[PDB]
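Chains as they are written, first to last, in the working numbering: chain A, 54 to 101; chain B, 132 to 566; chain C, 10 to 427; chain D, 21 to 447; chain E, 212 to 622. We treat Cβ as the ideally placed atom computed from N, Cα and C, and that holds for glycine.
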Amino acid sequence: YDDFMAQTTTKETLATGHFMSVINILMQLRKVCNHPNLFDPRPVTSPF
Amino acid sequence: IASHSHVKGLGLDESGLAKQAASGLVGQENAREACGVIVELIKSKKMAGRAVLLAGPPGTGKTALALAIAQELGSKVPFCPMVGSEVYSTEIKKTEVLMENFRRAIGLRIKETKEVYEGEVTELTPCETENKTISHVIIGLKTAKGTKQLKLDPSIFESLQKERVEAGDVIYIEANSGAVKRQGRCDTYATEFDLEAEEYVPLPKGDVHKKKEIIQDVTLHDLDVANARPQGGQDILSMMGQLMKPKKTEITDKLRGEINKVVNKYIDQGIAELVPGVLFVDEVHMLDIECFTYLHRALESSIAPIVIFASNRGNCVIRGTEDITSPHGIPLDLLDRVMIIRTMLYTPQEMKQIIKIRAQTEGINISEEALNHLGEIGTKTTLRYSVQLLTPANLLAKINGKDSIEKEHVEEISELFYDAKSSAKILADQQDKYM
Amino acid sequence: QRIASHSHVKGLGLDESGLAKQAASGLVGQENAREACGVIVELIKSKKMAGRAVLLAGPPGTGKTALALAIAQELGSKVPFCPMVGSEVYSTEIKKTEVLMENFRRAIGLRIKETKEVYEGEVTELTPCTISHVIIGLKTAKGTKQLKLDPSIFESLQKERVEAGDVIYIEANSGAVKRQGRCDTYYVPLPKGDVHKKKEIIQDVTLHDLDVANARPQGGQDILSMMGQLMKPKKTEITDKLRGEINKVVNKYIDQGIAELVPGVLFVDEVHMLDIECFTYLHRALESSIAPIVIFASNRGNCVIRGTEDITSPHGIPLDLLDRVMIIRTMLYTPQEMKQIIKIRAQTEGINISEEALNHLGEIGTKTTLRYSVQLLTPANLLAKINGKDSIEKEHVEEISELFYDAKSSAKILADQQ
Amino acid sequence: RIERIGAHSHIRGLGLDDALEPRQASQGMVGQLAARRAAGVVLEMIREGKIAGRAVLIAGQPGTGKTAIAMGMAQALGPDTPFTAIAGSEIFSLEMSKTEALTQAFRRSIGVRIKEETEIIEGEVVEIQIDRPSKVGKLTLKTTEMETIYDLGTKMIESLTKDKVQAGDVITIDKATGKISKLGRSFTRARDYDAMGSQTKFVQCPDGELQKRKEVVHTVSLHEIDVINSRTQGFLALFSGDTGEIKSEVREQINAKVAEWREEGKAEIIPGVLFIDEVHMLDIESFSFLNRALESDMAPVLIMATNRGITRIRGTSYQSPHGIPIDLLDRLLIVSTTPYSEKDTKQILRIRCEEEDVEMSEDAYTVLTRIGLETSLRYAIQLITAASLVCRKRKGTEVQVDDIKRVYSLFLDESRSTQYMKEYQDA
Amino acid sequence: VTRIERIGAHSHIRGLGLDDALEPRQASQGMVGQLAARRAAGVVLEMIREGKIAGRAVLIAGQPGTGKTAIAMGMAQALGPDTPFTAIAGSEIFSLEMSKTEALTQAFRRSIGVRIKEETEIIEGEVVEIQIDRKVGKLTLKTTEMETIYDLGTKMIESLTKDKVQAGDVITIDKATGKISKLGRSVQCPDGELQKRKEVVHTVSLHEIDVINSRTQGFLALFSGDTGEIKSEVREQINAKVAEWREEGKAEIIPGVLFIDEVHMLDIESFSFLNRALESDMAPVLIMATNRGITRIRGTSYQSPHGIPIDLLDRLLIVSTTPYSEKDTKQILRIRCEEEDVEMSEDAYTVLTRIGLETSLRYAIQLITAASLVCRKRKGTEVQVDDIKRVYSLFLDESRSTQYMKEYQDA
Ligand SMILES: Nc1ncnc2c1ncn2[C@@H]1O[C@H](COP(=O)(O)OP(=O)(O)O)[C@@H](O)[C@H]1O
Ligand SMILES: Nc1ncnc2c1ncn2[C@@H]1O[C@H](COP(=O)(O)OP(=O)(O)O)[C@@H](O)[C@H]1O
Ligand SMILES: Nc1ncnc2c1ncn2[C@@H]1O[C@H](COP(=O)(O)OP(=O)(O)O)[C@@H](O)[C@H]1O
Ligand SMILES: Nc1ncnc2c1ncn2[C@@H]1O[C@H](COP(=O)(O)OP(=O)(O)O)[C@@H](O)[C@H]1O
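The following block contains the structure:
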């Protein structure tokens with residue numbers, strides 16, 4: 054969550070003011086606030 | 132965590148010049164700005180077989196710079212630390228150990244797609260046919276998204292039988308490797324009994340069959356070992372457990388052949404990328420003349436990575452020869468294929484700052500008077516001893532109840548623990564009493 | 010095909026009276042050495058003696074190894090000739106004593122008359138008669154054959170998965186059915202001959218193959234199948250109860266008149282490399298009654314024996330072993346003998362050389378060594394063929410002598426210490 | 021029960037106070053105040069355990085209590101903290117390299133403790149009904165506070181029948197894995213003896229709640245982890261010491277996974293101590309590897325005993341103090357043990373003879389201290405047991421001076437043996 | 212982007228720069244000067260290509276670092292592929308699974324190739340449809356020019372059912388064995404005939420033949436499981452059978468090359484074994500290099516030239532190399548810079564040549580890349596004399612580091 058809010062890319066996408074960008078970023082933040090395994094699930098490891 | 136927890140980089144400016152005190156290092160400006168050239172050469176991914184020799188007396192920060200090079204390179208490249216004594220293996224050839232170390236010192240990042248079948252199994256019917264062995268197996272995998280009947284192999288059916296699965300439980304299947312795990316019986320059956328010797332796991336979500344991509348990283352030595360001591364499956368190759376089971380004593384015919392061929396095939400098709408790393412060989416002075424001589428071809432090979440040896444001796448007899456001596460305990464044949472880097476001996480001022488950094492890294496609140504007394508302690512003794520004295524002083528301060536280290540604490544610690552030279556003098560005084 | 014160092018040696022150039030010719034059978038000079046070699050090769054043909062060793066002693070470059078190869082060639086192929094370098098004894102898989110014993114028992118040959126027979130052809134029908142026998146139909150280009158095979162061979166047939174149309178070999182002596190494949194008419198061509206192949210195998214075998222065959226069991230159907238894997242390492246065959254039984258059975262067969270013993274010849278090179286323990290075990294083992302005849306070769310004079318570091322002996326061989334060993338001395342060659350050897354090597358390798366070139370080549374040989382003058386042959390012919398000239402003139406050898414230094418000028422240059 | 025009293029069985033720990041102030045003769049140890057205080061400081065740093073790879077070198081004369089201080093530290097450190105004692109000559113193996121043996125010795129004194137909260141069910145079975153048609157049944161579990169009933173499933177019945185649990189039996193059921201463990205037989209477990217019964221060991225029924233949540237702990241060393249992860253043969257820790265784990269991902273993966281576990285709070289660390297007795301046996305290769313093996317973050321603390329002085333290093337011809345190269349000697353903190361005085365030797369002999377249960381007279385103590393000051397304290401100590409046997413043979417009560425003198429005349433020390441070696445004696 | 216093989220100490224060597232008459236050019240194919248040794252190596256390369264002579268050994272000696280290994284790499288690159296060139300260091304024979312003599316004879320056998328030729332009918336096309344009747348079945352193959360049906364046997368239909376039965380797979384059918392190999396989802400489809408008769412040529416070495424015919428699952432040549440091959444039956448019978456393949460139209464032997472680098476590591480035992488291994492008709496040609504002068508042979512106190520015994524030195528030819536001059540050193544440095552992506556000025560080349568002639572040649576070759584990376588730091592384009600001096604100051608060399616030892620260290 055910290056790194057997603059930190060990167061200037063998302064900051065500018067928010068400053069844009071467009072409805073989709075703002076609502077999408079808010080949805081992503083809400084999802085990260087929900088046990089982010091949905092936002093970044095733990096991948097199962099297996100030998101190559 | 133001590134003895135390497137304070138160094139986290141070379142502390143070089145944007146122009147590659149050594150900064151006075153930064154990144155946990157002080158002094159050694161020449162050595163650090165030179166190792167900057169080495170880290171740049173390693174990050175260039177353009178050369179092969181280059182070798183450096185960090186030469187200096189004990190405790191002059193050669194190993195510190197060796198680890199700072201790795202910290203600067205990051206965790207993306209393989210940094211292989213090795214001691215010269217590791218070549219004396221009892222299962223594989225002495226040169227085999229060194230060549231496999233060189234091979235694992237090279238990296239390879241590869242992006243691979245793999246498929247997976249998962250879902251609450253509804254039924255498992257083995258389709259029989261006369262050969263009179265089982266022909267196929269139809270498994271009905273249910274998921275919260277959908278459901279699919281899939282035909283799998285008799286090997287997968289046998290793996291399920293080993294797992295001791297039953298209809299209605301949850302299993303994780305993979306077609307690339309062929310391994311199948313039993314995640315437990317579906318949560319919907321947990322109400323069947325009051326207690327059972329069964330692990331319960333809810334209905335798997337998503338599609339029954341799903342392909343996912345993973346960007347893994349493995350060294351060339353990993354592929355070498357995977358092809359030399361294969362495990363695979365679908366066979367009874369498990370006899371590996373008793374066939375020979377030493378270190379496989381690899382062979383050049385396949386080390387330089389099939390493996391290089393297949394990895395180049397993977398690279399030139401956009402699937403893999405070569406990631407050359409670093410091979411730091413600390414304590415190179417106890418390597419045999421045979422290892423020193425093989426190092427000639429190792430460094431003159433077009434695939435060897437950047438190597439970094441550490442020299443601590445001035446001039447002694449070479450190991451394995453017993454009659455000849457050379458500088459750094461390395462023969463002039465190999466010493467001509469390296470770029471030597473001095474490690475200056477530290478002065479009182481630099482040693483004081485090093486002690487301060489070590490104390491502030493070990494979570495120690497040492498007073499200025501104690502710090503300055505450690506200056507004299509270090510000018511009379513070794514830097515390593517003066518810095519080792521830190522933690523016992525902190526324990527003694529905690530015992531006495533003071534929140535800081537004073538003169539008396541370090542004095543007590545120094546009086547309790549002697550140094551190398553003091554112990555040598557005591558032994559010389561008690562010569563004919565220590566046996 | 011390709012020429013070798015001793016490929017020009019056809020045998021000992023000795024006449025009917027035993028005297029050695031000045032130049033014959035590819036060998037020149039060394040008359041006394043060649044006559045002694047013939048005297049000792051007569052012992053090999055007599056075959057009534059055992060436990061005898063003959064040591065060819067001389068400086069490097071002498072024809073000791075050439076005389077050993079000549080002995081081997083004159084003996085031929087019916088009697089075995091086992092060469093072994095003294096360095097080869099230092100094995101890591103099995104002890105030196107047992108390496109030496111294996112070489113000693115492998116030198117000995119054994120000729121036997123194997124009266125085998127194998128039926129070969131395409132299958133036309135298989136019917137097993139809880140089986141008293143199996144009737145099998147075989148086809149070749151001489152007619153069809155109906156064969157009755159023991160039910161124990163029906164198991165081998167089923168395991169080989171043979172059926173009507175496949176070509177098979179079935180050995181009457183052992184039942185080793187081998188499925189060559191399927192007939193070409195449906196792949197291997199149809200055999201064209203007498204389906205009943207009957208012929209005598211006079212192939213020879215060594216006495217060490219018998220021990221190798223009994224060291225490990227061959228079979229399966231049990232956990233024993235796990236034995237086929239596991240590196241198949243060679244290990245010591247105990248002298249107590251294996252090679253003794255081998256000797257007993259071989260003697261039984263020789264008495265019955267099936268087997269025939271042909272004692273071979275061993276050839277040890279650079280004997281000075283063997284340890285003193287190998288030397289003493291050797292002078293102890295070669296006293297046995299079953300030991301073959303051995304030809305030691307020495308390349309150095311009085312030196313220190315390996316493993317002692319405090320005892321010097323002539324030829325690096327302890328006196329305990331040097332006694333009971335006949336010493337044949339090989340001496341240096343003269344300029345004329347060197348020229349003869351060079352001419353023989355040239356006409357054997359296929360290079361024609363002028364007289365003035367051969368003269369200076371023999372001069373170079375007398376100056377540095379015969380082996381060096383010999384090695385200087387090929388590159389001269391190569392330069393000649395490059396320049397167009399098919400023969401070697403004096404302008405080629407004297408120019409290749411500047412390209413390829415010798416072991417003396419090399420040391421003279423190295424004298425710089427760098 | 022029967023584990024005899026060895027040479028170091030008398031010390032139960034360093035006789036130190038809360039402020040690490042060594043007492044004269046407390047907790048088995050006697051004298052040697054400076055070295056005991058150093059041992060206590062290093063032991064406190066150990067029990068703290070936030071610094072890894074620290075080396076100490078206890079040097080001193082032969083028989084001055086170096087191994088004694090080591091065993092005292094071991095005892096004061098007690099269990100729940102790895103302490104591995106190894107002689108310098110134990111690493112010279114034939115199937116594994118010296119560096120590999122040293123890595124094993126280090127990783128064997130690093131403990132990983134996984135703490136789990138698996139819930140179970142503890143009670144005394146009252147009835148186990150089961151009907152085979154899949155068979156189905158019920159179980160009645162009783163504790164001193166309550167009784168309850170459970171419907172048994174297929175695998176539950178299977179495991180119960182395999183373990184052969186019956187009524188009156190006190191058992192524990194791991195509900196997560198279904199593992200059954202019978203702890204004993206309750207008074208009810210009485211089988212109404214009318215047949216071939218030979219067990220009547222009863223025990224109180226379990227108290228508390230029926231379905232309680234207790235805490236388990238699994239403690240295994242990094243050595244065991246890498247050994248069981250090396251190859252499918254996950255029994256080399258007991259099967260045999262056949263080893264040689266490649267330094268490939270196996271060990272690096274153990275380290276990386278233990279790091280993630282420590283970070284996520286699964287099992288963090290418990291450092292340990294490696295007591296290398298007679299370290300002068302190690303080779304130059306061993307010292308050169310240790311030089312950098314002490315620099316690893318997973319390196320436990322090590323204490324090396326030293327009798328040698330200025331002597332050649334094994335495997336070479338370099339004269340160095342302690343028989344150790346200065347390269348490694350620089351990392352170490354050296355503690356020197358001093359020789360015991362008259363009153364220290366006497367007190368050590370007294371404690372030893374009181375530990376081995378032998379009453380000596382006041383003159384026996386004097387003559388024994390005389391013998392132990394003229395000769396080795398070890399010889400003086402060994403004299404006690406020999407002198408007690410003559411007393412028991414003559415049916416005495418406490419060892420006198422005449423028994424000690426008879427034993428001294430009967431047995432010889434090294435000096436008198438050498439002075440008696442006046443003949444050739446097959447040199 | 213970056214392959215396994217990268218720029219190395221001998222990557223610039225593309226082969227021997229000789230003419231049609233074996234005359235070396237001043238600077239050609241990455242080889243500079245060393246005319247005598249290069250034309251002496253061309254002769255051995257030519258008679259190696261010939262192969263009629265067996266058991267020849269050519270030793271090269273001189274000052275350390277005088278292109279000794281460069282000449283060998285050039286010989287290898289000129290011989291090219293299809294001709295085994297086994298390069299091994301003098302230590303590679305010291306092994307625990309095999310004796311030194313066994314490793315040396317293993318290398319000797321690896322340095323000998325056997326050529327064999329055969330014909331095989333191979334199929335390559337896109338699968339269209341498959342049918343199986345539980346067993347026999349049918350298949351439909353397609354190429355960009357034609358299609359066809361096939362009635363497949365049990366094994367073939369099973370091998371095809373193992374994969375995705377529906378269309379898409381482009382497989383190959385070796386009619387001899389029938390091993391299937393799907394190239395991908397139809398990678399494009401093949402052109403021309405579906406089934407074609409292809410010639411297969413193999414250069415299999417005697418060591419590979421031994422490993423194959425020595426044991427069940429014999430191909431242990433991928434992990435060196437060939438512990439002490441049994442000469443009694445394996446190697447002798449293999450030699451006989453190769454001689455039988457010969458002169459019958461089945462196979463022909465291709466003698467390889469064996470480059471033993473730093474042979475002074477070999478011991479008296481290895482030399483005594485070579486004394487006879489170089490006399491067999493199957494003996495390959497070999498070259499050897501040495502940096503030591505008259506030194507002790509490993510194993511005893513005998514002081515012999517090149518550390519090689521006299522009885523073996525008499526069995527080989529020796530070629531001396533001359534020290535490089537300013538011209539040769541500068542040209543070698545220029546070739547190294549051309550091989551790399553670095554470019555230096557003329558004054559920079561002069562200073563680097565002086566620095567590589569004061570101490571040694573390899574030092575300058577190594578400083579090349581360091582000076583390039585240091586000039587790339589100050590945001591320049593060409594390596595300048597100031598950058599070369601910065602590097603000469605940062606990185607030390609053998610002779611300037613052995614003299615800085617005015618402070619005593621461990622020993
Ligand atoms: N430049 C430096 N800044 C801070 N500490 C240093 C520096 N150089 C050395 N040290 C300290 O000295 C100790 C030993 O140095 P080390 O790197 O082991 O020298 P060497 O590699 O020559 O043995 C390290 O624990 C480190 O804390
Ligand atoms: N009597 C001879 N006649 C012809 N050629 C000989 C004779 N003796 C030796 N040679 C040649 O000289 C060379 C000497 O080789 P070899 O016999 O191995 O010498 P050594 O006596 O040192 O073993 C061989 O190539 C051989 O062909
Ligand atoms: N301070 C002490 N208190 C009690 N016993 C001691 C003390 N010091 C030494 N000893 C005893 O002396 C005997 C031998 O001495 P030891 O501790 O082994 O010294 P070292 O290891 O130098 O030989 C031991 O059995 C030990 O019990
Ligand atoms: N004639 C030459 N032409 C081109 N490059 C050369 C020549 N001679 C030497 N070199 C280069 O200079 C370096 C010399 O080292 P090298 O001759 O390989 O040392 P050694 O052979 O003693 O191990 C090598 O990297 C080589 O590539």
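**Message:** Just to make sure I have the definition right: I need the residues of chain C whose C-beta is within less than 8 Å of the C-beta of residue 516 of chain E. Which are they?
**Reply:** 416, 419, 420, 423
**Request:** Could you tell me whether the Cβ of residue 374 of chain B comes closer than 8 Å to any Cβ of chain C?
**Result:** yes
**Message:** Distance cutoff 8 Å, beta carbons only. Does residue 260 of chain E sit that close to anything in chain C?
**Reply:** no
**Request:** Taking only heavy atoms of ligand 2 into account, decide whether any of them is closer than 7 Å to the Cβ of residue 267 of chain E.
**Result:** no
**Prompt:** Going straight from the alpha carbon of residue 635 of chain E to that of residue 314 of chain E, what length do you get?
**Reply:** Summary: the structure shown does not reach residue 635 of chain E, with chain E confined to residues 212 through 622, and so no result is reported for it.
**Request:** In angstroms with no decimal places, state the Cα-to-Cα distance between residue 37 of chain D and residue 513 of chain B.
**Result:** 32 Å
**Cβ distance (whole Å) where residue 429 of chain D is taken to contact residue 419 of chain D below 8 Å** = Wrong, their Cβ atoms sit about 15 Å apart, outside the cutoff.
**Request:** Classify residue 190 of chain D as helix, strand or coil using the three-state DSSP reduction.
**Result:** strand
**Prompt:** For residue 444 of chain B, which of helix, strand or coil comes out of DSSP?
**Reply:** strand
**Prompt:** Going by other Cβ atoms of all chains shown within 10 Å of its Cβ, with 16 needed for buried, is residue 512 of chain E buried or exposed?
**Reply:** exposed
**Prompt:** In terms of DSSP beta bridges, what is residue 313 of chain B paired with?
**Reply:** B/302
**Request:** Apply the 10 Å Cβ neighbour rule to residue 76 of chain A and answer buried if 16 or more other Cβ atoms are within range, or exposed otherwise.
**Result:** exposed
**Asked** What are the residues that DSSP puts in a beta bridge with residue 206 of chain C?
**Response** C/127
**Request:** Name the two residues that bound the continuous beta strand (DSSP E) containing residue 361 of chain E.
**Result:** 357-363
**Item:** Contact belief for residue 176 of chain C with residue 190 of chain C at Cβ below 8 Å, rounded distance in angstroms
**Value:** 6 Å
**Pair within 8 Å by beta-carbon distance, residue 202 of chain D and residue 189 of chain D** = yes
**Prompt:** First and last residue of the alpha helix (DSSP H) that includes residue 373 of chain D?
**Reply:** 362-375
**Asked** Going along the region 152-182 of chain B in order, which residues come within less than 7 Å of chain D, judged by CB to CB distance?
**Response** none
**Item:** Nearest candidate by alpha-carbon position, reference residue 452 of chain B, set B/423, B/442, B/470
**Value:** B/423
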